[PDB]
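Chemist: From the sequence below, what's the structure:
(2 chains, ligands or ions: 2)
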Number of protein chains: 2
Amino acid sequence: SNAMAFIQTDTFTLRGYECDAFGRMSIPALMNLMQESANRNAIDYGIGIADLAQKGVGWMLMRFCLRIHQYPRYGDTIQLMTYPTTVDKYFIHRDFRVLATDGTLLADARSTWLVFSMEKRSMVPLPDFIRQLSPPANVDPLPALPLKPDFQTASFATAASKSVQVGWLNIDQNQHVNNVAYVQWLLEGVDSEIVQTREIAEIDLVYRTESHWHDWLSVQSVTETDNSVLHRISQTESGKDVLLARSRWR
Amino acid sequence: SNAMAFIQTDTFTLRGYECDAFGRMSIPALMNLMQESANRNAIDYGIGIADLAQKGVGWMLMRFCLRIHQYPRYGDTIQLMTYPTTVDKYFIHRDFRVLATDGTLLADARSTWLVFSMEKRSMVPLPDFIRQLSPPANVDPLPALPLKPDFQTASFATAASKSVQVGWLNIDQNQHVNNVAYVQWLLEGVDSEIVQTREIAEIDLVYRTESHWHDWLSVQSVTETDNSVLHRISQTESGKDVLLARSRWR
Ligand SMILES: [Cl-]
Ligand SMILES: [Cl-]
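Modeler: Numbers count the residues shown, from 1 in each chain, chains lettered A, B, ... in the order given. Ligands and ions are numbered 1, 2, ... in the order given. Here you go, the structure:
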């Protein structure tokens, strides 16, 4: 009755508002589309958000690393593909590839997801009905994504904090803060000089604590190298980390 | 070589992130799509943003009133149509209609646009090549949109101000603040109680001053009636108005 494995593949024509002040596809727009394609793929596998919710569990995004080889532009048509590559005790690993009409690999992403128990309020082994899934054959998996990158430990002790509040518009239809909201805050926090003169080549994301509607957060960053920046978003009150990241610029 | 008139018509399948915390299509997403369809229509007419820029003039959105008869939801397919209805000395009037697969009119919008001279830095009579355009025959124009609504004059003297800053993400690929950014700020400013218990039936927008990257703005609102709110966004420094609006809720 259902196929054994699924490669989600979607064609999107870029809208004007999906492009930044330079005419390049914005990273939040891309990531939002990636999350949509990943959701459609999960549904085909019977591991969609609703499938999990109805068994009392939910997905959490832990790691996400997006590499932009070449930015598409207004009215370009792009092909977004996504699928699981491997499934282990606690994690599913999901790849994304974005192709130009050209065939050029415009962008790729790797991601790591865990399952949270709604009873236990904590990570649990992936239930059997998720362990059992077959990733698709005949795709070439992107390189491994380190679970705990070294920048996780970096100090932001002297980095100035900028305050932001979780708004209504940042809440998705699953009643959670959209993980893209954090990337938007992080991007707004980047030095004007860098924004005006460089583009992101890669953004590597480590998600820690969940935030809620109305939470106050602090956004920080530190120059790491001539073309890389580290970023931290944390709860202003508790001081708990919500997002840690590295951006590489070119 | 080109047709005499154009009805822009596009079919969009709603993505998850285009829906709010209640699963209803968000107004910013709809308005962004409307602006995209209006841009594609203008290009067919030879009055697109670039067409004007290359003659040293530009469009400004003055009035926009969106009525949502029924909110579409995730994965619904909607049909967005737009066209000019009339052209007069200074203004073009543009209608939008949004249809469900059903045929239901989900939403409509009316809008009024003027032409700004880049030499004069002020509104000018529409150039001949815009005056001459033929709106499409065989469409039923929505009711007239008052140029200067009475709420324009309302006092916000005692309404508390909330401070917001124009960010990089609010700048469009035409290097202007996206007019949707103001609606997002206005929406974030609405009483939590209202957001949690009502939906917008109509939002009526009057655009005044242009803002720029990094401008500080103040967001205010006042209860007008049991199901209506007035909103004001202004430049915190100069105190000049940027947006005045009425929302009706149901
Ligand atoms: Cl590292
Ligand atoms: Cl009025």
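
Chemist: Please enumerate the strands of chain A.
Modeler: Residue ranges of the strands in chain A, as given by DSSP state E, are A:8-13, A:57-68, A:77-87, A:91-99, A:105-117, A:122-124, A:162-165, A:200-207, A:216-225, A:228-235, A:241-249.

Chemist: which helices and strands does the fourth one pack with?
Modeler: What it means is strand A:91-99. Secondary-structure packing of strand A:91-99 (3 or more CB pairs under 8 Å, 6 or more residues apart in numbering or on different chains; DSSP states H and E): helix A:27-44, strand A:77-87, strand A:105-117. (Each C-beta comes from the backbone N, C-alpha and C, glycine too.)

Chemist: Please tell me how far the residue of chain A at minimum distance from ligand 1 sits from residue B:100.
Modeler: Nearest residue of chain A to ligand 1: residue A:150, at 3.3 Å (CB to the ion). According to CB to CB, to the nearest Å, residue A:150 and residue B:100 sit 51 Å apart.

Chemist: out of those two, which sits in the busier spot?
Modeler: Between residue A:150 and residue B:100, residue B:100 has the larger neighbour count (other CB atoms under 10 Å in any protein chain shown), namely 16 against 8.

Chemist: I'd say residue A:49 and residue A:59 touch.
Modeler: Yes - with contact defined as CB atoms under 8 Å, residue A:49 counts as touching residue A:59 (6.7 Å).

Chemist: what is in contact with those two at once?
Modeler: Listed as contacting both residue A:49 and residue A:59 by CB atoms under 8 Å, 6 or more residues apart in numbering or on different chains are residue A:42.

Chemist: Just want to know which of those two has more residues nearby.
Modeler: For the pair residue A:49 and residue A:59, the greater number of neighbours falls to residue A:59 (21 against 17), based on other CB under 10 Å.

Chemist: Now do stretch A:163-178: distance from first to last residue.
Modeler: One end of stretch A:163-178 to the other measures 18 Å (CA to CA, to the nearest Å).

Chemist: now it, how far from the centre of its chain.
Modeler: If you compare the mean C-alpha spot of stretch A:163-178 with that of the full chain, they lie 15 Å apart, counting by CA atoms, centre = their mean, to the nearest Å.

Chemist: which parts of chain A sit against ligand 1?
Modeler: Within chain A, the positions near ligand 1 by CB under 5 Å from the ion are A:149, A:150, A:151.

Chemist: rewinding a little: quick one: which of the strands of chain A is nearest residue B:18?
Modeler: The closest of these to residue B:18 is strand A:8-13. By CB to CB, the value is 12.6 Å.

Chemist: how far off strand A:77-87 does the closest one point, in degrees?
Modeler: Between the axis of strand A:8-13 and that of strand A:77-87 there is an angle of 160 degrees, by axes from the mean of the first three to the mean of the last three CA atoms, to 10 degrees.

Chemist: Tell me the spacing between the closest residue to residue A:42 other than its chain neighbours and residue B:209.
Modeler: By the measure of CB to CB, 6 or more residues apart in numbering or on different chains, the closest residue to residue A:42 outside its immediate chain neighbours is residue A:48, 4.5 Å from it. Separation of residue A:48 from residue B:209 (CB to CB) stands at 46 Å.

Chemist: swap in residue A:165?
Modeler: With distances defined as CB to CB, the gap from residue A:165 to residue B:209 amounts to 25 Å.

Chemist: do residue A:145 as well
Modeler: According to CB to CB, residue A:145 and residue B:209 sit 47 Å apart.

Chemist: Give me the more crowded residue out of the two.
Modeler: Using other CB under 10 Å, the more surrounded residue of residue A:145 and residue B:209 is residue A:145, with 18 against 13.

Chemist: how about the most centrally placed residue in chain A, what does it touch?
Modeler: Among the residues of chain A, residue A:64 comes closest to the average C-alpha position under CA atoms, centre = their mean, at 4.5 Å. Applying CB under 8 Å, 6+ apart to residue A:64 gives the contacts A:31, A:109, A:110, A:111, A:112, A:179, A:204, A:205, A:207.

Chemist: same thing with residue A:185?
Modeler: For residue A:185, the contact set (CB under 8 Å, 6+ apart) comprises A:164, A:217, A:219, A:233.

Chemist: Please apply the same query to residue A:216.
Modeler: Under the criterion of CB under 8 Å, 6+ apart, the contact partners of residue A:216 comprise A:163, A:164, A:165, A:235, A:236, A:237.

Chemist: out of those, which is most surrounded?
Modeler: By neighbour count, taken as other CB under 10 Å, the most surrounded of those turns out to be residue A:164 (21 neighbours).

Chemist: wait, it sits on residue A:219?
Modeler: Yes - taking CB under 8 Å as the contact criterion, residue A:164 and residue A:219 are neighbours in contact, 5.9 Å apart.

Chemist: Would you mind naming what in chain A lies close to chain B?
Modeler: Proximity of chain A to chain B is confined to A:15-17, A:19-23, A:26, A:28, A:32-33, A:35-36, A:39, A:74, A:167-169, A:171-173, A:175, A:178, A:180, A:184, A:187-188, A:190, A:195 under the rule CB under 8 Å from any CB of the partner chain.

Chemist: In helices, which of those residues appear?
Modeler: Here DSSP state H is the test, and the residues of chain A next to chain B give A:28, A:32, A:33, A:35, A:36, A:39, A:180, A:184, A:187, A:188, A:195 as lying in helices.

Chemist: Setting aside sequence neighbours, what's the nearest residue to the second one?
Modeler: By that I understand residue A:32. For residue A:32, the nearest residue in space outside its immediate sequence neighbours is residue B:17; the separation is 4.5 Å by CB to CB, 6+ apart.

Chemist: who are the neighbours in contact with the residue nearest to residue A:15 when sequence neighbours are not counted?
Modeler: Distance criterion CB to CB, 6+ apart; nearest residue to residue A:15, sequence neighbours excluded, is residue B:36 at 4.7 Å. When contacts are counted by CB under 8 Å, 6+ apart, residue B:36 is found next to A:15, A:16, A:17, B:10.

Chemist: quick one: contacts for the last one?
Modeler: Yep, that's residue B:10 we're talking about. Under the criterion of CB under 8 Å, 6+ apart, the neighbours of residue B:10 are B:33, B:36, B:37, B:40, B:79, B:80, B:81.

Chemist: Neighbour count says what about those? Which are buried?
Modeler: Among the contacts of residue B:10, those scoring as buried are B:33, B:36, B:37, B:40, B:80, B:81 (criterion: 16 or more other CB atoms under 10 Å in any protein chain shown).

Chemist: Now the fourth one. Nearest residue, chain neighbours left out?
Modeler: Once its chain neighbours are removed from consideration, residue B:40 has its nearest residue in residue B:8; the separation is 5.4 Å (CB to CB, 6+ apart).

Chemist: Next, work out how far apart the one you found and residue A:19 are.
Modeler: Looking at residue B:8 against residue A:19, where the rule is CB to CB, the gap reads 19 Å.

Chemist: is it true that residue A:77 touches residue A:12?
Modeler: Yes - A contact is recorded between residue A:77 and residue A:12 when judged using CB under 8 Å, the distance being 7.1 Å.

Chemist: the more surrounded of those two?
Modeler: residue A:12 (20 against 12).

Chemist: What residues does the more buried one make contact with?
Modeler: When contacts are counted by CB under 8 Å, 6+ apart, residue A:12 is found next to A:33, A:77, A:78, A:80.

Chemist: Farthest-apart pair in those residues, please.
Modeler: Based on CB to CB, the longest span within the contacts of residue A:12 runs between A:33 and A:77 and measures 12.6 Å.

Chemist: Report how many residues lie close to residue A:73.
Modeler: If we define neighbours as other CB under 10 Å, then residue A:73 has 14 of them.
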